[PDB]
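Data file: model.cif. Format and content: mmCIF, N, CA and C atoms.
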data_start
loop_
_atom_site.label_atom_id
_atom_site.label_comp_id
_atom_site.auth_asym_id
_atom_site.auth_seq_id
_atom_site.Cartn_x
_atom_site.Cartn_y
_atom_site.Cartn_z
N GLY A 1 232.42 181.47 -35.88
CA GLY A 1 232.96 182.50 -34.95
C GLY A 1 231.98 183.63 -34.71
N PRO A 2 230.90 183.38 -33.94
CA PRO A 2 229.89 184.40 -33.64
C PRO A 2 230.50 185.64 -32.99
N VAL A 3 229.73 186.73 -32.97
CA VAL A 3 230.19 187.98 -32.38
C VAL A 3 229.24 188.45 -31.28
N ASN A 4 229.80 188.97 -30.20
CA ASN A 4 229.01 189.45 -29.07
C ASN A 4 229.16 190.96 -28.91
N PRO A 5 228.03 191.70 -28.81
CA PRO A 5 228.06 193.16 -28.66
C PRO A 5 228.76 193.59 -27.38
N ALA A 6 228.61 192.79 -26.32
CA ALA A 6 229.23 193.10 -25.04
C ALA A 6 230.74 192.90 -25.09
N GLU A 7 231.18 191.89 -25.83
CA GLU A 7 232.60 191.60 -25.96
C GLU A 7 233.30 192.67 -26.79
N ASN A 8 232.71 193.02 -27.93
CA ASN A 8 233.28 194.03 -28.81
C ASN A 8 233.36 195.38 -28.10
N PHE A 9 232.38 195.65 -27.24
CA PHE A 9 232.33 196.91 -26.50
C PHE A 9 233.44 196.95 -25.44
N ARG A 10 233.56 195.86 -24.69
CA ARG A 10 234.58 195.77 -23.64
C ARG A 10 235.98 195.93 -24.22
N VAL A 11 236.18 195.42 -25.43
CA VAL A 11 237.48 195.51 -26.09
C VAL A 11 237.72 196.91 -26.65
N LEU A 12 236.69 197.46 -27.29
CA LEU A 12 236.79 198.80 -27.88
C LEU A 12 237.13 199.84 -26.82
N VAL A 13 236.70 199.60 -25.58
CA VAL A 13 236.96 200.53 -24.49
C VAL A 13 238.23 200.15 -23.72
N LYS A 14 238.83 199.02 -24.09
CA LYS A 14 240.04 198.55 -23.44
C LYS A 14 241.15 198.30 -24.45
N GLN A 15 241.27 199.19 -25.43
CA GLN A 15 242.29 199.07 -26.46
C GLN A 15 243.28 200.23 -26.40
N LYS A 16 242.75 201.44 -26.30
CA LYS A 16 243.59 202.64 -26.23
C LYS A 16 242.73 203.88 -26.02
N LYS A 17 241.59 203.93 -26.71
CA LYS A 17 240.67 205.04 -26.62
C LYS A 17 239.26 204.59 -26.96
N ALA A 18 238.29 205.35 -26.47
CA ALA A 18 236.88 205.04 -26.71
C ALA A 18 235.99 206.19 -26.27
N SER A 19 236.42 206.90 -25.23
CA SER A 19 235.67 208.04 -24.69
C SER A 19 234.39 207.58 -23.98
N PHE A 20 233.92 206.38 -24.31
CA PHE A 20 232.71 205.83 -23.71
C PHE A 20 231.48 206.64 -24.13
N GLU A 21 231.29 206.75 -25.44
CA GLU A 21 230.17 207.50 -26.00
C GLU A 21 229.60 206.79 -27.22
N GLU A 22 230.46 206.58 -28.22
CA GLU A 22 230.04 205.91 -29.45
C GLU A 22 229.75 204.44 -29.18
N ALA A 23 230.62 203.80 -28.40
CA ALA A 23 230.45 202.39 -28.06
C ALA A 23 229.23 202.18 -27.17
N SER A 24 228.93 203.18 -26.35
CA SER A 24 227.78 203.11 -25.45
C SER A 24 226.48 203.35 -26.22
N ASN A 25 226.40 204.51 -26.87
CA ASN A 25 225.22 204.87 -27.65
C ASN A 25 224.86 203.75 -28.62
N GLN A 26 225.87 203.20 -29.29
CA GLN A 26 225.66 202.12 -30.24
C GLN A 26 225.11 200.89 -29.53
N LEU A 27 225.68 200.59 -28.37
CA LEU A 27 225.24 199.44 -27.58
C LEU A 27 223.76 199.55 -27.26
N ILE A 28 223.34 200.73 -26.79
CA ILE A 28 221.94 200.95 -26.45
C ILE A 28 221.06 200.83 -27.69
N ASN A 29 221.60 201.24 -28.84
CA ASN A 29 220.87 201.16 -30.09
C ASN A 29 220.62 199.71 -30.46
N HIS A 30 221.66 198.89 -30.30
CA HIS A 30 221.56 197.47 -30.59
C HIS A 30 220.51 196.83 -29.69
N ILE A 31 220.54 197.19 -28.41
CA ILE A 31 219.58 196.67 -27.45
C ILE A 31 218.16 196.99 -27.91
N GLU A 32 217.93 198.25 -28.24
CA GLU A 32 216.62 198.70 -28.70
C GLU A 32 216.15 197.85 -29.88
N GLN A 33 217.06 197.60 -30.82
CA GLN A 33 216.74 196.79 -31.99
C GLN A 33 216.31 195.39 -31.57
N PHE A 34 217.06 194.80 -30.64
CA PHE A 34 216.75 193.47 -30.14
C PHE A 34 215.33 193.43 -29.58
N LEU A 35 214.88 194.55 -29.02
CA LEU A 35 213.54 194.64 -28.45
C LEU A 35 212.50 194.90 -29.54
N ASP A 36 212.97 195.38 -30.69
CA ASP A 36 212.08 195.69 -31.81
C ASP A 36 211.37 194.43 -32.29
N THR A 37 212.14 193.36 -32.51
CA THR A 37 211.58 192.09 -32.96
C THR A 37 210.40 191.67 -32.10
N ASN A 38 210.66 191.45 -30.81
CA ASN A 38 209.65 191.05 -29.83
C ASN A 38 209.58 189.53 -29.71
N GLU A 39 210.70 188.93 -29.32
CA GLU A 39 210.78 187.48 -29.15
C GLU A 39 211.42 187.13 -27.81
N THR A 40 211.24 185.88 -27.39
CA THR A 40 211.79 185.42 -26.12
C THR A 40 213.32 185.34 -26.16
N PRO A 41 213.90 184.70 -27.20
CA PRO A 41 215.36 184.57 -27.33
C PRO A 41 216.05 185.91 -27.57
N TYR A 42 215.25 186.93 -27.83
CA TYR A 42 215.78 188.27 -28.10
C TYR A 42 215.98 189.04 -26.80
N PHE A 43 215.21 188.69 -25.77
CA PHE A 43 215.31 189.36 -24.48
C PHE A 43 216.58 188.93 -23.74
N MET A 44 217.09 187.75 -24.09
CA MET A 44 218.29 187.23 -23.47
C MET A 44 219.50 188.07 -23.85
N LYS A 45 219.51 188.57 -25.09
CA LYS A 45 220.60 189.40 -25.58
C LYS A 45 220.57 190.77 -24.92
N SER A 46 219.37 191.26 -24.63
CA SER A 46 219.21 192.56 -24.00
C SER A 46 219.76 192.53 -22.57
N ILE A 47 219.33 191.53 -21.80
CA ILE A 47 219.80 191.38 -20.43
C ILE A 47 221.31 191.25 -20.39
N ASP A 48 221.86 190.45 -21.30
CA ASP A 48 223.30 190.25 -21.38
C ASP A 48 224.01 191.56 -21.70
N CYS A 49 223.28 192.46 -22.34
CA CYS A 49 223.82 193.76 -22.71
C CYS A 49 223.79 194.71 -21.51
N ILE A 50 222.71 194.64 -20.74
CA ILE A 50 222.56 195.48 -19.56
C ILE A 50 223.50 195.01 -18.44
N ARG A 51 223.83 193.72 -18.46
CA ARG A 51 224.70 193.14 -17.45
C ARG A 51 226.16 193.49 -17.72
N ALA A 52 226.50 193.66 -19.00
CA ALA A 52 227.86 194.00 -19.39
C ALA A 52 228.10 195.49 -19.24
N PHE A 53 227.06 196.28 -19.49
CA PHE A 53 227.15 197.73 -19.38
C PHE A 53 227.07 198.16 -17.91
N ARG A 54 226.08 197.63 -17.19
CA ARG A 54 225.90 197.96 -15.78
C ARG A 54 227.19 197.78 -14.99
N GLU A 55 227.90 196.68 -15.26
CA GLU A 55 229.15 196.40 -14.56
C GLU A 55 230.25 197.40 -14.94
N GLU A 56 230.39 197.64 -16.24
CA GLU A 56 231.40 198.56 -16.74
C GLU A 56 231.13 199.98 -16.26
N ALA A 57 229.86 200.28 -15.99
CA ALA A 57 229.47 201.61 -15.53
C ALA A 57 229.65 201.75 -14.03
N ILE A 58 229.01 200.85 -13.27
CA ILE A 58 229.10 200.89 -11.82
C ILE A 58 230.56 200.82 -11.37
N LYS A 59 231.33 199.97 -12.03
CA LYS A 59 232.74 199.82 -11.72
C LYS A 59 233.43 201.18 -11.67
N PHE A 60 233.34 201.93 -12.77
CA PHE A 60 233.97 203.25 -12.84
C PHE A 60 233.71 203.92 -14.18
N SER A 61 232.51 204.47 -14.34
CA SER A 61 232.16 205.14 -15.59
C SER A 61 230.99 206.10 -15.38
N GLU A 62 229.79 205.67 -15.76
CA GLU A 62 228.61 206.52 -15.62
C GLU A 62 227.47 205.76 -14.96
N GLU A 63 227.68 205.38 -13.70
CA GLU A 63 226.67 204.66 -12.94
C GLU A 63 225.33 205.40 -12.95
N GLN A 64 225.38 206.72 -12.91
CA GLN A 64 224.17 207.54 -12.91
C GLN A 64 223.49 207.53 -14.28
N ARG A 65 224.27 207.24 -15.31
CA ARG A 65 223.73 207.18 -16.67
C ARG A 65 222.89 205.92 -16.82
N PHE A 66 223.12 204.96 -15.93
CA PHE A 66 222.39 203.71 -15.95
C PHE A 66 221.09 203.83 -15.16
N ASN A 67 221.17 204.43 -13.97
CA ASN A 67 219.99 204.61 -13.14
C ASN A 67 219.09 205.65 -13.78
N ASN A 68 219.68 206.44 -14.67
CA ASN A 68 218.95 207.46 -15.40
C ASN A 68 218.06 206.79 -16.45
N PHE A 69 218.70 206.04 -17.34
CA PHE A 69 217.98 205.31 -18.38
C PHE A 69 217.09 204.24 -17.76
N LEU A 70 217.51 203.74 -16.60
CA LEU A 70 216.76 202.71 -15.89
C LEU A 70 215.43 203.27 -15.39
N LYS A 71 215.49 204.45 -14.78
CA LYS A 71 214.30 205.10 -14.27
C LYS A 71 213.27 205.29 -15.38
N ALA A 72 213.75 205.69 -16.56
CA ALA A 72 212.88 205.90 -17.70
C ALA A 72 212.42 204.57 -18.30
N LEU A 73 213.35 203.64 -18.44
CA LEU A 73 213.05 202.33 -19.00
C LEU A 73 211.96 201.63 -18.19
N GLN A 74 212.12 201.61 -16.88
CA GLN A 74 211.15 200.97 -15.99
C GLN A 74 209.76 201.55 -16.20
N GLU A 75 209.66 202.88 -16.15
CA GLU A 75 208.38 203.56 -16.32
C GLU A 75 207.88 203.44 -17.76
N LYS A 76 208.81 203.24 -18.69
CA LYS A 76 208.46 203.12 -20.10
C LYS A 76 207.84 201.75 -20.40
N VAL A 77 208.55 200.69 -20.02
CA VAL A 77 208.06 199.34 -20.26
C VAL A 77 206.77 199.09 -19.49
N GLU A 78 206.61 199.80 -18.38
CA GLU A 78 205.42 199.67 -17.55
C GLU A 78 204.20 200.20 -18.30
N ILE A 79 204.33 201.42 -18.83
CA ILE A 79 203.24 202.04 -19.57
C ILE A 79 203.38 201.77 -21.07
N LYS A 80 203.50 200.50 -21.43
CA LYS A 80 203.62 200.11 -22.82
C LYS A 80 203.16 198.67 -23.04
N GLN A 81 204.05 197.71 -22.78
CA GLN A 81 203.72 196.30 -22.95
C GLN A 81 204.88 195.40 -22.52
N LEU A 82 206.10 195.86 -22.77
CA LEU A 82 207.29 195.09 -22.41
C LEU A 82 207.56 195.12 -20.90
N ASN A 83 206.50 195.08 -20.11
CA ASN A 83 206.63 195.08 -18.65
C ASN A 83 207.34 193.81 -18.18
N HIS A 84 207.41 192.82 -19.07
CA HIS A 84 208.06 191.55 -18.76
C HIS A 84 209.56 191.74 -18.55
N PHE A 85 210.14 192.72 -19.25
CA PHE A 85 211.56 193.00 -19.14
C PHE A 85 211.93 193.31 -17.70
N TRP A 86 211.01 193.94 -16.98
CA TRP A 86 211.24 194.28 -15.58
C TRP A 86 211.07 193.05 -14.70
N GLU A 87 210.02 192.28 -14.95
CA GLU A 87 209.76 191.07 -14.19
C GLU A 87 210.90 190.08 -14.40
N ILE A 88 211.61 190.27 -15.51
CA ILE A 88 212.75 189.42 -15.85
C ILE A 88 214.01 189.94 -15.17
N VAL A 89 214.41 191.15 -15.53
CA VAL A 89 215.60 191.78 -14.97
C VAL A 89 215.59 191.73 -13.44
N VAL A 90 214.39 191.73 -12.86
CA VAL A 90 214.26 191.68 -11.41
C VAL A 90 214.38 190.24 -10.91
N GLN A 91 213.61 189.34 -11.52
CA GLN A 91 213.64 187.93 -11.15
C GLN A 91 215.06 187.38 -11.17
N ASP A 92 215.90 187.95 -12.03
CA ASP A 92 217.29 187.52 -12.15
C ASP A 92 218.11 187.97 -10.94
N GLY A 93 217.44 188.49 -9.93
CA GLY A 93 218.12 188.94 -8.73
C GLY A 93 218.91 190.22 -8.94
N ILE A 94 218.75 190.82 -10.12
CA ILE A 94 219.46 192.06 -10.44
C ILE A 94 218.75 193.27 -9.84
N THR A 95 219.53 194.24 -9.38
CA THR A 95 218.98 195.45 -8.79
C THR A 95 219.61 196.69 -9.42
N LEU A 96 219.03 197.86 -9.15
CA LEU A 96 219.54 199.11 -9.70
C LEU A 96 220.95 199.39 -9.20
N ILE A 97 221.48 200.54 -9.61
CA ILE A 97 222.81 200.95 -9.21
C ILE A 97 222.84 201.25 -7.72
N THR A 98 223.55 200.41 -6.97
CA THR A 98 223.65 200.58 -5.52
C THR A 98 224.91 201.33 -5.13
N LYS A 99 224.79 202.20 -4.14
CA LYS A 99 225.91 202.99 -3.65
C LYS A 99 227.15 202.13 -3.44
N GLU A 100 227.03 201.13 -2.56
CA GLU A 100 228.14 200.24 -2.27
C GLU A 100 228.55 199.44 -3.50
N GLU A 101 227.59 199.16 -4.37
CA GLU A 101 227.86 198.41 -5.59
C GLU A 101 228.84 199.17 -6.49
N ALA A 102 229.17 200.39 -6.07
CA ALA A 102 230.10 201.23 -6.82
C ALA A 102 231.34 201.53 -5.98
N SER A 103 232.10 202.54 -6.40
CA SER A 103 233.31 202.92 -5.68
C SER A 103 233.16 204.30 -5.06
N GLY A 104 232.47 204.36 -3.92
CA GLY A 104 232.28 205.63 -3.24
C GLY A 104 230.95 205.72 -2.51
N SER A 105 230.17 204.64 -2.54
CA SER A 105 228.87 204.60 -1.87
C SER A 105 228.06 205.87 -2.16
N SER A 106 227.71 206.06 -3.43
CA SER A 106 226.94 207.24 -3.83
C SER A 106 225.64 206.86 -4.54
N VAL A 107 224.58 206.68 -3.76
CA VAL A 107 223.26 206.34 -4.30
C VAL A 107 222.22 206.34 -3.19
N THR A 108 221.10 207.01 -3.46
CA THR A 108 220.02 207.12 -2.49
C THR A 108 219.33 205.78 -2.25
N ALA A 109 218.75 205.63 -1.06
CA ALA A 109 218.04 204.41 -0.69
C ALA A 109 216.79 204.24 -1.54
N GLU A 110 216.41 205.32 -2.22
CA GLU A 110 215.22 205.32 -3.07
C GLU A 110 215.56 204.76 -4.45
N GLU A 111 216.85 204.72 -4.76
CA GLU A 111 217.31 204.23 -6.04
C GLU A 111 217.45 202.71 -6.03
N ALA A 112 218.13 202.19 -5.02
CA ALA A 112 218.36 200.75 -4.92
C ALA A 112 217.24 200.00 -4.19
N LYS A 113 216.69 200.60 -3.14
CA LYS A 113 215.65 199.94 -2.36
C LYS A 113 214.25 200.17 -2.93
N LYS A 114 213.91 201.42 -3.22
CA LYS A 114 212.58 201.74 -3.73
C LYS A 114 212.30 201.03 -5.05
N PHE A 115 213.34 200.80 -5.84
CA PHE A 115 213.19 200.13 -7.12
C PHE A 115 212.93 198.63 -6.94
N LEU A 116 213.55 198.05 -5.91
CA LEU A 116 213.39 196.63 -5.63
C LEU A 116 213.04 196.40 -4.17
N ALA A 117 211.75 196.52 -3.84
CA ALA A 117 211.29 196.33 -2.47
C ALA A 117 210.67 194.94 -2.30
N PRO A 118 210.77 194.36 -1.09
CA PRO A 118 210.21 193.04 -0.80
C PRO A 118 208.69 193.03 -0.79
N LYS A 119 208.10 193.91 0.02
CA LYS A 119 206.65 194.00 0.12
C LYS A 119 206.10 195.04 -0.85
N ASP A 120 204.87 194.84 -1.30
CA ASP A 120 204.23 195.76 -2.23
C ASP A 120 203.29 196.72 -1.50
#

Would you mind giving the structure from this file in C-alpha coordinates?
Amino acid sequence: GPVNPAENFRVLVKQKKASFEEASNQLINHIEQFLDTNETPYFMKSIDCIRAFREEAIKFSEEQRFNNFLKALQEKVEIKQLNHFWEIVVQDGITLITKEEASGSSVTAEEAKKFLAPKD
(Lines of atoms letter the chains of each structure in order from A and count residues from 1; the text may use other names and numbers.)
(Lines give C-alpha, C1' and ligand atoms only; values in the text may rest on other atoms or scores of the structure.)
Protein backbone atom coordinates (compact mmCIF):
# COMPACT_ATOMS: atom_id res chain seq x y z
CA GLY A 1 0.00 0.00 0.00
CA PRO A 2 2.33 2.79 -1.25
CA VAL A 3 1.72 6.42 -0.32
CA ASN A 4 1.48 9.46 -2.60
CA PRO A 5 2.36 13.03 -1.44
CA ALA A 6 -0.22 14.49 -3.82
CA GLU A 7 -2.97 12.18 -2.56
CA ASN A 8 -2.27 12.83 1.13
CA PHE A 9 -2.23 16.56 0.41
CA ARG A 10 -5.52 16.55 -1.51
CA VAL A 11 -7.14 14.68 1.38
CA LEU A 12 -5.59 16.79 4.14
CA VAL A 13 -7.08 19.86 2.45
CA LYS A 14 -10.41 18.12 1.84
CA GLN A 15 -11.16 16.76 5.31
CA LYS A 16 -12.25 19.74 7.42
CA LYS A 17 -9.32 22.12 7.80
CA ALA A 18 -5.85 22.72 6.41
CA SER A 19 -5.43 26.47 5.86
CA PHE A 20 -3.28 25.54 2.86
CA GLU A 21 0.07 26.32 4.49
CA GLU A 22 1.55 23.33 6.32
CA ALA A 23 0.41 20.88 3.64
CA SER A 24 1.78 23.19 0.95
CA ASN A 25 5.12 24.10 2.54
CA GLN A 26 5.66 20.43 3.35
CA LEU A 27 4.79 19.44 -0.22
CA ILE A 28 7.39 21.84 -1.61
CA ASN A 29 9.89 20.48 0.90
CA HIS A 30 9.29 16.93 -0.29
CA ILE A 31 9.72 18.07 -3.89
CA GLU A 32 13.04 19.73 -3.05
CA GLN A 33 14.20 16.50 -1.41
CA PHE A 34 13.25 14.51 -4.50
CA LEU A 35 15.52 16.86 -6.46
CA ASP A 36 18.29 16.42 -3.90
CA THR A 37 19.05 12.85 -4.99
CA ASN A 38 19.44 13.77 -8.70
CA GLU A 39 17.95 10.81 -10.57
CA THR A 40 15.65 10.29 -13.56
CA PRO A 41 12.87 8.38 -11.67
CA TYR A 42 13.01 11.14 -9.06
CA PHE A 43 11.98 13.88 -11.50
CA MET A 44 8.74 12.00 -12.19
CA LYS A 45 7.64 12.49 -8.59
CA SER A 46 8.41 16.22 -8.77
CA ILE A 47 6.32 16.79 -11.89
CA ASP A 48 3.48 14.76 -10.38
CA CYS A 49 3.74 17.08 -7.38
CA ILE A 50 3.65 20.27 -9.45
CA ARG A 51 0.71 18.88 -11.43
CA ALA A 52 -1.29 18.17 -8.28
CA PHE A 53 -0.46 21.52 -6.70
CA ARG A 54 -0.82 23.63 -9.85
CA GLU A 55 -4.37 22.32 -10.32
CA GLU A 56 -5.38 22.77 -6.68
CA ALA A 57 -3.98 26.30 -6.84
CA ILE A 58 -5.24 27.50 -10.22
CA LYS A 59 -8.63 26.01 -9.43
CA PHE A 60 -9.10 28.24 -6.37
CA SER A 61 -6.21 28.88 -4.00
CA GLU A 62 -2.91 30.65 -4.64
CA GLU A 63 -2.36 30.64 -8.41
CA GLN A 64 0.04 33.57 -7.95
CA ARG A 65 1.99 31.55 -5.39
CA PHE A 66 2.73 29.12 -8.20
CA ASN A 67 3.77 31.63 -10.85
CA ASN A 68 5.81 33.21 -8.08
CA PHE A 69 7.82 30.10 -7.22
CA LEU A 70 7.75 29.24 -10.92
CA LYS A 71 9.43 32.49 -11.93
CA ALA A 72 12.20 31.80 -9.42
CA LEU A 73 12.40 28.06 -10.13
CA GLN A 74 12.79 28.64 -13.87
CA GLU A 75 15.58 31.19 -13.40
CA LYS A 76 17.07 29.00 -10.66
CA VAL A 77 17.30 25.73 -12.58
CA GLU A 78 18.58 27.75 -15.53
CA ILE A 79 21.52 29.21 -13.61
CA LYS A 80 22.44 25.94 -11.91
CA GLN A 81 22.20 22.56 -13.69
CA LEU A 82 18.67 21.17 -13.33
CA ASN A 83 17.70 23.05 -16.50
CA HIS A 84 16.27 19.71 -17.63
CA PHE A 85 13.33 20.19 -15.26
CA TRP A 86 12.20 23.03 -17.51
CA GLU A 87 12.79 21.17 -20.76
CA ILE A 88 10.69 18.45 -19.15
CA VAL A 89 7.86 20.43 -17.55
CA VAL A 90 7.58 22.25 -20.88
CA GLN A 91 7.84 19.24 -23.20
CA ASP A 92 4.93 17.79 -21.21
CA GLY A 93 2.82 20.50 -22.83
CA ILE A 94 2.47 22.15 -19.43
CA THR A 95 2.40 25.95 -19.19
CA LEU A 96 2.45 28.58 -16.44
CA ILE A 97 -0.61 29.86 -14.64
CA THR A 98 -2.94 31.14 -17.36
CA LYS A 99 -5.65 33.73 -16.73
CA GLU A 100 -8.40 31.63 -18.32
CA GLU A 101 -6.84 28.52 -16.76
CA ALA A 102 -8.21 29.99 -13.54
CA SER A 103 -11.51 31.45 -12.34
CA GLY A 104 -11.46 35.13 -13.27
CA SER A 105 -8.99 35.46 -16.16
CA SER A 106 -6.29 37.14 -14.07
CA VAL A 107 -2.80 36.76 -15.58
CA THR A 108 -0.58 38.84 -17.84
CA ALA A 109 0.32 37.68 -21.35
CA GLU A 110 3.92 37.82 -20.15
CA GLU A 111 3.22 35.12 -17.58
CA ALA A 112 1.61 32.47 -19.78
CA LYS A 113 2.96 33.43 -23.22
CA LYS A 114 6.41 34.86 -22.44
CA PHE A 115 7.19 31.76 -20.39
CA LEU A 116 6.21 29.41 -23.21
CA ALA A 117 6.78 31.00 -26.62
CA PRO A 118 6.88 29.13 -29.98
CA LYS A 119 9.78 31.01 -31.58
CA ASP A 120 13.05 31.82 -29.82

If the PyMOL selection byres ((chain A and resi 96) around 8) were run on this exact file, what residues would it hold? Put them as a ChimeraX atom specification.
/A:66-67,70,93-95,97-99,101,111-113,115-116

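Counting only C-alpha atoms and comparing A:59, A:10, A:71, A:30, the residue that lies closest to residue A:104 is A:59.
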
What box, with edges along x, y and z, holds each listed atom of stretch 104-115 of chain A when 5 Å is added on every side, and can you state its centre and edge lengths in Å to one decimal, as AutoDock Vina command-line options?
--center_x 222.4 --center_y 202.9 --center_z -3.9 --size_x 30.2 --size_y 18.6 --size_z 16.4

Measure the distance from atom CA of residue A:49 to atom CA of residue A:5 in Å and round it to one decimal.
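Between atom CA of residue A:49 and atom CA of residue A:5 the gap works out to 7.3 Å.
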
Separation of atom CA of residue A:13 from atom CA of residue A:92, in Å and rounded to one decimal:
26.6 Å

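Our summary of the geometry notes that atom CA of residue A:77 is positioned 26.5 Å from atom C of residue A:100.
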
DSSP on the backbone: what in chain A comes out helix (DSSP H, G or I), as a ChimeraX atom specification?
/A:5-12,22-37,40-60,63-78,84-91,109-112

Quick one: everything within 8 Å of residue A:31, counting all atoms listed in the file, minus sequence neighbours fewer than 6 positions away in the same chain. Send it as a PDB file with N, CA and C atoms, in the coordinates of the input.
ATOM      1  N   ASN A  25     226.400 204.510 -26.870  1.00  0.00           N
ATOM      2  CA  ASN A  25     225.220 204.870 -27.650  1.00  0.00           C
ATOM      3  C   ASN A  25     224.860 203.750 -28.620  1.00  0.00           C
ATOM      4  N   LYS A  45     219.510 188.570 -25.090  1.00  0.00           N
ATOM      5  CA  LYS A  45     220.600 189.400 -25.580  1.00  0.00           C
ATOM      6  C   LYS A  45     220.570 190.770 -24.920  1.00  0.00           C
ATOM      7  N   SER A  46     219.370 191.260 -24.630  1.00  0.00           N
ATOM      8  CA  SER A  46     219.210 192.560 -24.000  1.00  0.00           C
ATOM      9  C   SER A  46     219.760 192.530 -22.570  1.00  0.00           C
ATOM     10  N   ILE A  47     219.330 191.530 -21.800  1.00  0.00           N
ATOM     11  CA  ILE A  47     219.800 191.380 -20.430  1.00  0.00           C
ATOM     12  C   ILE A  47     221.310 191.250 -20.390  1.00  0.00           C
ATOM     13  N   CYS A  49     223.280 192.460 -22.340  1.00  0.00           N
ATOM     14  CA  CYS A  49     223.820 193.760 -22.710  1.00  0.00           C
ATOM     15  C   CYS A  49     223.790 194.710 -21.510  1.00  0.00           C
ATOM     16  N   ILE A  50     222.710 194.640 -20.740  1.00  0.00           N
ATOM     17  CA  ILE A  50     222.560 195.480 -19.560  1.00  0.00           C
ATOM     18  C   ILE A  50     223.500 195.010 -18.440  1.00  0.00           C
TER      19      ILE A  50
END

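With all atoms listed in the file as the atoms that count, the residue of A:102, A:11, A:87, A:16 with the shortest distance to residue A:63 is A:102.
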